[PDB]
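Colleague: The structure's right below; bear with me while I get my questions together.
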Amino acid sequence: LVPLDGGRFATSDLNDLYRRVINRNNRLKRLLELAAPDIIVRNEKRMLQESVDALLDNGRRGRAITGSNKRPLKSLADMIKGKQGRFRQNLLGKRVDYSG
Amino acid sequence: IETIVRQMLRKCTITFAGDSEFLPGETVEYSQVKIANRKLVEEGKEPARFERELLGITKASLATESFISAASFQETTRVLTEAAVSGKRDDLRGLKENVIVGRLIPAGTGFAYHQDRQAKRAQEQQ
Amino acid sequence: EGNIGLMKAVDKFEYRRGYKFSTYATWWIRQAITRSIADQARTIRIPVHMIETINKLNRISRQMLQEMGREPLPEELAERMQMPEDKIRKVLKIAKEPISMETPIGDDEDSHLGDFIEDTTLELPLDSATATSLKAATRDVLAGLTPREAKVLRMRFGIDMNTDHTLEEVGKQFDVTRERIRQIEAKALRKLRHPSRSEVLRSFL
Amino acid sequence: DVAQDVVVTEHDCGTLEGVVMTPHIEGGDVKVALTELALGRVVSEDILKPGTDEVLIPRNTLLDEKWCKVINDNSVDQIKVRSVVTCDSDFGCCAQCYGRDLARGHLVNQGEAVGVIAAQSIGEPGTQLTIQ
Amino acid sequence: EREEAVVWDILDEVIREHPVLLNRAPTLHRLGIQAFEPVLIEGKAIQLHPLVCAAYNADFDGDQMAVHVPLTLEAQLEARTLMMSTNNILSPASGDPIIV
Amino acid sequence: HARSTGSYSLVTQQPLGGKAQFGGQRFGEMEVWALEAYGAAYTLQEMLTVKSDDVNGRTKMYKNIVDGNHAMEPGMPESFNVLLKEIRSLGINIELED
Amino acid sequence: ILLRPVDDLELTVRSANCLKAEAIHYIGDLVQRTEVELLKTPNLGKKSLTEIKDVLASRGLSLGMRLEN
Amino acid sequence: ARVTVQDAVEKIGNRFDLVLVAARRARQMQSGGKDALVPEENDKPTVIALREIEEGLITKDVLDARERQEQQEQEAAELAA
Amino acid sequence: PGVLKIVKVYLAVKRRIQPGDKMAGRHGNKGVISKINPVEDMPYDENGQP
Amino acid sequence: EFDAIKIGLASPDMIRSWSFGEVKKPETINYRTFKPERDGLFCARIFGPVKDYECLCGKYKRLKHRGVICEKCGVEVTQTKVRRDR
DNA sequence: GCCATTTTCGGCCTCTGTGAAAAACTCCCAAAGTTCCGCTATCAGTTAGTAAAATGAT
DNA sequence: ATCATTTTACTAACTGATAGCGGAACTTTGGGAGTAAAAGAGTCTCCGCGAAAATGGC
Ligand SMILES: [Mg+2]
Ligand SMILES: [Zn+2]
Ligand SMILES: [Zn+2]
């Protein structure tokens, strides 16, 4: 999460996914501390599972979580896989110095 | 084209299990079966019987022993899941694995280097 | 979050008042939802009162733009809010949500913003080579001194050691007092300012 | 990705197997000659003269232009040469079962990544691709 | 930075026997990257030998080529011995000459 | 365009891309295949490690070139470390055996 | 080693303080004053003479060298 | 100056082994204090090593032999100390 | 927001033809200039026009 | 250095062994000071200092205190690159 | 053994910021932050004084 | 080789300044509890892709 020119900030979607996971986990802990009705606890556990699945692999379980761009958030699986993934864009091929 | 066809013919399905650690109906590499058969013959024990299988370039590429190359080729999720559940080990014997980890490829000017290391390996394993 | 607020409303309801449950429960549910939005809707968390300030500023900006037909100016907004203009500008500069690093750049689709962000914390190899050359040149220049003043300067500036030292610790090893150390360092500095043995060190400025 | 692991690891694997090579015939005329196919391959079993028991070309000899001319003059129809498919090497292939490296003109050296060369050679012309 | 004449002489001495790598996209075969000896010219365009054009599949209608500098002694000798244009005059696919 | 050393990416620690950013050329998969076919192991290692993402290796190479010793001490690319951290973040134990 | 101040010839404290009598300025003037003046001063002595001649040898000159400059 | 590394590969046999030997010789002549066995003629260390290999003065045998010789001599000198 | 002053400078650059520049006609015959030859080395007609 | 890469399932004990701390809050950075928040996704007590050989307090701001954990914050005085590994 | 729904793939270079909407106040309290003052550590600048070594003269 | 003098090495003291640390008080910010007519089932738009293979269901 680094500042851009003009005061704007650039962030990764992993931050949003982690924030969702942490928020839902804390809400689950608070609900278990309040002796909540069972239905609310089951809903919170479903939401926690969905958040973890979206963080690990978005779109595999169901509807892909989208941010403020109306575009799916990029997860760890998307970051390690694909033509634009780490294997093919940064490991098997690289931008090099001493080149023109 | 024969160097491609040889790569296609790299797997065998075991027909007679024998005394080797192979189960019937199992697709395993031909080289490992060949070494196992040589060892069993040297030990005077019943060797295995295999039926060679022809695989396409995509299936042969995805059926390699190293999981780094398979993940780098395509379908990273399936390869990683299978390697994780199995507990696979990558010995870095091909070009792609050494390219990814930044070491000398076992081809050309690195060949002797890699060979030297293997020798030392055995000599230490003694 | 509204369910939690409803739990609180159930926990502090009074049926003797004669009002229906929804009347009291709506306030708590709305409070829970609004507080949760104020706390968990931004990557960079803004306090709840500042969120309310931003929302009220947006409402007044909407009303003023409706009234006059153009975008309100900071001074007019400050006049209407009965708040300092500097505070208005400060509020206006913090209402930004971070942009995603996966956003396609321009009209392309395979390019992303994250590929155009540098690593400003890195040290240029030219700078590191200059630092190594400066270390070598400082060693060479200090080698042209007597061991006393050379080591006095080394210990007073921390050259080839972990920590810098004040005058007292420099004096203690020599068993001499602080003032002699001060004038020793002064003599060393005066001698090293001579251009006979300072031309190589001048190029680093 | 399917052939990146093929590297010439040995010189000779000591195998007697091989593939048979004859001129390619698709009717009343030859399509490709035996000299073109045998240029740069290692002989598996001796090339005996037709109707005679003289060993014209012994085993484990590279077929260069001179021996190609010799074969054409003798008019030998079918020969047997070593192939990468029939190689006995545990990992990779051997120098003799591969033969001449086309980019250099001599026998293939140790450590040559022949699989990448094969894949590139096959894939490069893909743009050019579409009884008396 | 000031571009003195002695700097130009130093540059001429530096690149005397230093091989340089020329690459044209796409690199369909290994002949698409080759090693040459640089000759300093006045201009902004790389001058290429005509006989390697068939190797590069390159025509002079706006084509661009990338250049790389091998640094270590091993890399320089690899460029001189294996990747030099004078060694790559036979097609690895067929054995026929490629500098026709 | 030409570049010897300049800005680097924030995450991958690799040279940036483009003339506007004083970036370097991309040595893609096809170039790696060509170098492997040539047998040029040392040039490929130079491009992968000490020219792209070996933060200590590239600085050591710059110092060595400045002092005349054209030799390199290759290290581990930062991209592989990022991959390791990502795979561990996916709840999968990936570790380099010795 | 043309006309430049006498501080540049890194002369010792006594040497400089003695010559600080303003009986010299710039090394071109110093090289011309000979041993007659060099030893004339009751404060320039044997060691000072040797040190000054060594400095001029580093400058490639001898005390008393005649030059039109 | 030299072009067309033919004689060197004829003397060595394998291009990769030739590259390794020439790299070792060039490192010895550049990083170390070793002197060339042939007239330099304003040539870089790689070219000088290639010319030496072409002349037959430098092979893997020679390099390994003299390296073992230096280890032996240094061991004897340290014993002498 | 956060911007105090913007100064914009306009630069006029005269770019002459040189080797490497792309020049083309209207019939699809594009090309890259290879050499700026002297006038005395150009072919000329009987009237001396190069 | 290494001769093989071993993959497998990650046990909770192994995950705790990897971790240098527990992230308890979704906070990332303060909206005014732009400094990391404690027990957050960018905490300097868990992942490392944001400036080389410094602490969030600024009390330990030089190299002589390398490896010393500040009592007021808990940030170890070390390099910032540990934030790419922790 | 055969449908039927999922799953994953789709060439290499170069330039090339985005997004833009969306609805609360009010009161009370404790902690961080700004500013000011006092005490203390540390140093640059200068002078004086005393005892001893370097050095020039004889 | 020996004497007398200037310079050197080492103490003390004063001037003047500056930065850092700690305490008192004030303003600013930040978190939390409360609001009593009644109000008591969501999106949310799209869907302009084809071919081959790997998994359930019968
Ligand atoms: Mg073209
Ligand atoms: Zn073989
Ligand atoms: Zn601290």
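Colleague: Can you give the log10 of the normalised intensity I(q)/I(0) at q = 0.26, 0.27, 0.29 Å⁻¹, computed with Debye over equal Cα scatterers of the range A:3-48?
Modeller: Each listed q maps to, in turn, -0.88, -0.92, -0.98.
Colleague: Using the count of nearby Cβ atoms within 10 Å as a rough guide to exposure, how do E:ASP63, G:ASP7 rank from fewest to most? All intermediate terms of the calculation are to be shown ahead of the outcome.
Modeller: Working: E:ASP63 15, G:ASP7 11.
Sorted ascending by nearby Cβ count, the order is G:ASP7, E:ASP63.
Colleague: Express the relative contact order of the range B:5-126 as a whole percentage, based on alpha carbon pairs under 8 Å and six or more residues apart in sequence. Intermediate values should be presented prior to the final figure.
Modeller: Numbers: 134 pairs, mean separation 22.7, N = 122.
It rounds to 19 percent for the range B:5-126.
Colleague: If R0 is 22 Å, what FRET efficiency do you get for J:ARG32 and C:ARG62 from their C-beta distance, rounded to 0.05?
Modeller: 0.25
Colleague: Please report, in cubic angstrom per residue, the volume enclosed by the convex hull of the alpha-carbon atoms of chain F. Working shown, then result.
Modeller: Numbers: hull volume 14.3 nm³, N = 98.
In chain F, the Cα hull volume divided by residue count equals 146 Å³.
Colleague: So if we plug the beta-carbon distance of D:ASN60 and H:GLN72 into 1/(1 + (r/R0)^6) with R0 = 51 Å, what FRET efficiency do we get, rounded to 0.05? Working shown, then result.
Modeller: On the way: r = 41 Å, r/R0 = 0.81.
E(calc), rounded to 0.05, equals 0.80.
Colleague: Pairs of alpha-carbon atoms within less than 8 angstrom and 6+ residues apart define the contacts here; what relative contact order does chain G have, in percent? List each step's numbers first, then the result.
Modeller: On the way: 54 pairs, mean separation 25.0, N = 69.
It rounds to 36 percent for chain G.
Colleague: Sort B:78-86, C:129-137 by the packing proxy (mean of other Cβ within 10 Å over each peptide's residues), most packed first.
Modeller: Working: B:78-86: 16.7, C:129-137: 13.4.
Order by mean packing, descending: B:78-86, C:129-137.
Colleague: Greater than 28 Å separation of Cα atoms is the criterion. Which listed pairs, B:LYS39/B:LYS88; C:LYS135/J:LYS72; C:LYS151/J:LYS72, meet it?
Modeller: Values: B:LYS39/B:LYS88 24 Å; C:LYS135/J:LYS72 35 Å; C:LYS151/J:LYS72 36 Å.
Distance filter (> 28 Å) returns C:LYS135/J:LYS72; C:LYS151/J:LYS72.
Colleague: Evaluated at 20 °C with a viscosity of 1.002 mPa s, what Stokes-Einstein diffusion coefficient in µm²/s does chain G have when Rh comes from the Kirkwood expression over alpha-carbon pairs?
Modeller: Numbers: Rh = 11.9 Å.
Answer from the Stokes-Einstein relation: 181 µm²/s.
Colleague: Only counting other Cβ atoms within 10 Å, I'd like A:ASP5, G:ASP29, I:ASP41 sorted with the fewest neighbours first. Can you show the working numbers first?
Modeller: On the way: A:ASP5 5, G:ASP29 13, I:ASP41 9.
In order of increasing Cβ crowding within 10 Å: A:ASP5, I:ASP41, G:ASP29.
Colleague: Apply 1/(1 + (r/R0)^6) to the Cβ-Cβ distance of I:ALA24 and I:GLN49, taking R0 = 25 Å, and write down the FRET efficiency to the nearest 0.05.
Modeller: 0.55
Colleague: Right, another one. Compute the convex hull volume of the Cα atoms of the range A:1-94, divide it by the residue count, and report the result per residue in Å³ as a whole number. If you can, show how the numbers build up before the last one.
Modeller: Details: hull volume 12.5 nm³, N = 94.
For the range A:1-94, the hull spanned by Cα atoms encloses 133 Å³ per residue.
Colleague: If you average the C-alpha positions of the range B:35-76 and of the range D:50-105 separately, how far apart do those two centres end up, in angstrom?
Modeller: Going from one Cα centre to the other spans 29 Å.
Colleague: Test of understanding: ordering C:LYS56, B:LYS96, B:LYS88 by Cβ neighbours within 10 Å, fewest first, what list do you get?
Modeller: Values: C:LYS56 12, B:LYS96 26, B:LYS88 19.
The order, fewest Cβ neighbours first, is C:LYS56, B:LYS88, B:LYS96.
Colleague: Something else now. Put one equal scatterer on each alpha carbon of chain J, apply the Debye formula with no solvent term, and list log10 I(q)/I(0) at q = 0.10, 0.12, 0.15 1/Å to two decimals.
Modeller: So the normalised log intensities work out to -0.31, -0.44, -0.63.
Colleague: For D:101-108, what's the mean count of beta carbons from other chains sitting within 10 Å of each residue's beta carbon?
Modeller: Partner-chain Cβ atoms within 10 Å, mean over residues of D:101-108: 5.
Colleague: Mind jotting down the distance between the C-alpha centroids of the range E:68-100 and the range G:3-49, whole Å?
Modeller: Cα centroid of the range G:3-49 versus Cα centroid of the range E:68-100: 70 Å apart.
Colleague: Let me ask something else. How big is the range C:71-158 by the Kirkwood estimate over distinct Cα pairs, in Å?
Modeller: Working: mean 1/r = 0.0508 Å⁻¹.
Evaluated over the range C:71-158, this radius sits at 19.7 Å.
Colleague: To continue, here is another question. Once you place label points 7 Å from the Cα toward the Cβ at C:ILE33 and C:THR132, how far apart are they in nm?
Modeller: Label at C:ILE33, label at C:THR132, 6.4 nm between them.
Colleague: How high is the relative contact order of the range F:22-72, in percent, with contacts defined as C-alpha pairs under 8 Å that are six or more residues apart?
Modeller: Numbers: 23 pairs, mean separation 9.8, N = 51.
Result for the range F:22-72 is 19 percent.
Colleague: At 7 Å along Cα-to-Cβ for each site, give me the label-to-label distance between B:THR15 and A:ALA64 in nm.
Modeller: 4.8 nm
Colleague: Something else now. Take the eigenvalues of the Cα gyration tensor for chain C, scale each by 5, and report the square roots as semi-axes in whole Å, largest first. Intermediate results must be reported in sequence, preceding the final value.
Modeller: On the way: eigenvalues 897, 147, 90 Å².
Whole-Å semi-axes of the equivalent ellipsoid: 67, 27, 21.
Colleague: Just the ratio, please: alpha-carbon radius of gyration of chain H over 2.2 N^0.38 Å, N its number of residues.
Modeller: On the way: Rg = 14.2 Å, N = 81, 2.2 N^0.38 = 11.7 Å.
Cα-based Rg divided by the globular estimate yields 1.21.
Colleague: Grab every C-alpha pair in chain B, bin the distances at 10 angstrom width from 0 up to the longest one, and report whole percents.
Modeller: Here the calculated profile for chain B is 11, 30, 39, 19, 1.
Colleague: Now for a different question. Under the Kirkwood approximation for Rh and a Cα-based Rg, what ratio Rg/Rh is obtained for the range D:3-132? It would help to have the intermediate numbers written out before the result.
Modeller: On the way: Rg = 16.2 Å, Rh = 16.0 Å.
With Rh from the inverse mean 1/r over Cα pairs, Rg/Rh is 1.01.
Colleague: From the P(r) of chain I, could you give the percentage of C-alpha pairs in the tail past 12 Å?
Modeller: Summing the P(r) of chain I above 12 Å gives 80 percent of all pairs.
Colleague: Taking every pair of alpha-carbon atoms in the protein assembly as shown, what share in percent sits in each 10 Å bin, from 0 to the bin with the longest distance?
Modeller: 2, 7, 13, 16, 16, 15, 12, 9, 6, 3, 1, 0, 0, 0
Colleague: On to the next question. Report Rg/Rh for the range E:17-100, rounded to two decimals, where Rg is the Cα radius of gyration and Rh the Kirkwood radius.
Modeller: That ratio equals 0.95.
Colleague: If you don't mind, another one. Do any of A:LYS81/I:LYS30; A:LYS81/E:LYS44; C:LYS191/J:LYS64 go past 32 Å between their Cα atoms, and which?
Modeller: Working: A:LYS81/I:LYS30 41 Å; A:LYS81/E:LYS44 40 Å; C:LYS191/J:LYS64 30 Å.
A:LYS81/I:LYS30; A:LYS81/E:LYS44, as the Cα separations exceed 32 Å there.
Colleague: Partner chain Cβ atoms within 10 Å, averaged over the residues of B:115-121 - can you pull that number for me?
Modeller: Numbers: counts 3, 0, 1, 1, 0, 0, 1.
The per-residue average across the peptide is 1.
Colleague: Now a separate question. Just checking the output field for F:14-23: average partner chain Cβ neighbours within 10 Å of each residue's Cβ? Provide the component values of the computation, followed by the final result.
Modeller: Numbers: counts 8, 6, 6, 4, 4, 0, 1, 3, 0, 5.
Mean partner-chain Cβ count within 10 Å for F:14-23: 4.
Colleague: Here's another thing I want to ask about it. Fully extended, how many nm does the chain gain between C:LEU124 and C:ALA143 (0.36 nm per residue separation, minus their Cα-Cα distance)? List each step's numbers first, then the result.
Modeller: Details: separation 19, 0.36 × 19 = 6.84 nm, distance 2.89 nm.
Going from the current span to full extension adds 4.0 nm.
Colleague: Between the alpha-carbon centers of the range J:8-72 and the range C:1-76, tell me the distance in whole angstrom.
Modeller: If you average the Cα positions of each part, the centres end up 34 Å apart.
Colleague: With point charges of +1 on the Cβ of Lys and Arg and -1 on the Cβ of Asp and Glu, referenced to the Cα centre of chain H, which listed residue (H:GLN71, H:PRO39, H:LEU18) lies farthest in the positive direction of the dipole?
Modeller: The residue sitting farthest along the positive end of the dipole is H:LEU18.
Colleague: How would you order D:107-114, A:70-77 from highest to lowest mean count of nearby Cβ atoms within 10 Å? Walk me through the numbers before you get to the answer.
Modeller: Numbers: D:107-114: 23.1, A:70-77: 18.1.
Ranked by mean Cβ neighbours within 10 Å, highest first: D:107-114, A:70-77.
Colleague: Which peptide among F:35-44, H:65-74, I:12-21, F:2-11 comes first, and what is the full order, when sorted by highest mean count of other Cβ atoms within 10 Å? Intermediate results must be reported in sequence, preceding the final value.
Modeller: On the way: F:35-44: 29.7, H:65-74: 10.8, I:12-21: 9.0, F:2-11: 18.4.
Top to bottom by mean Cβ count within 10 Å: F:35-44, F:2-11, H:65-74, I:12-21.
Here, each number is a calculation from the coordinates, and none is a lab measurement. Please note: Cβ atoms are built from the backbone with ideal geometry, for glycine as well, and neighbour counts cover all protein chains shown.
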